[PDB]
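In the deposited numbering, the protein residues as written are 1 to 42. In this text, a Cβ means the ideal position worked out from N, Cα and C, and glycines have one as well. Below: the structure, in structure tokens.
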Amino acid sequence: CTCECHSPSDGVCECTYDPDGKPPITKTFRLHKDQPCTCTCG
């Protein structure tokens with residue numbers, strides 16, 4: 001299982017987890033002050 005985040009817009013970060021077997025889980029949220037646009041599946 002992996003994941004990849006990106007900055008689709010200012011102060012915005014959309015992550016996408018690709019779990020084995022299950023479909024891709026996309027999680028979009030608002031980036032905080034100097035908040036790193038990353039994720040962690042395991």
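Could you give the distance in angstroms between the alpha-carbon of residue i and the alpha-carbon of residue j?
{"i": "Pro24", "j": "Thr16", "result": "6 angstroms"}
{"i": "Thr2", "j": "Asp20", "result": "9 angstroms"}
{"i": "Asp10", "j": "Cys41", "result": "24 angstroms"}
Tell me, which residues are paired with residue i by DSSP?
{"i": "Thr26", "result": "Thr16"}
{"i": "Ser9", "result": "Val12"}
Leaving aside the five residues before and after residue i along the sequence, list all residues of the same chain whose C-beta is less than 6 angstroms from its C-beta, in chain order.
{"i": "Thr28", "result": "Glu14"}
{"i": "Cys5", "result": "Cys13, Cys15, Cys37, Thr38, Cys39"}
{"i": "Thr26", "result": "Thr16"}
So what does DSSP say about residue i, is it helix, strand or coil?
{"i": "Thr2", "result": "strand"}
{"i": "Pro36", "result": "coil"}
Please return the same chain residues whose Cβ sits closer than 8 angstroms to the Cβ of residue i, not counting the five positions on each side in sequence.
{"i": "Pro8", "result": "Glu14, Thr28"}
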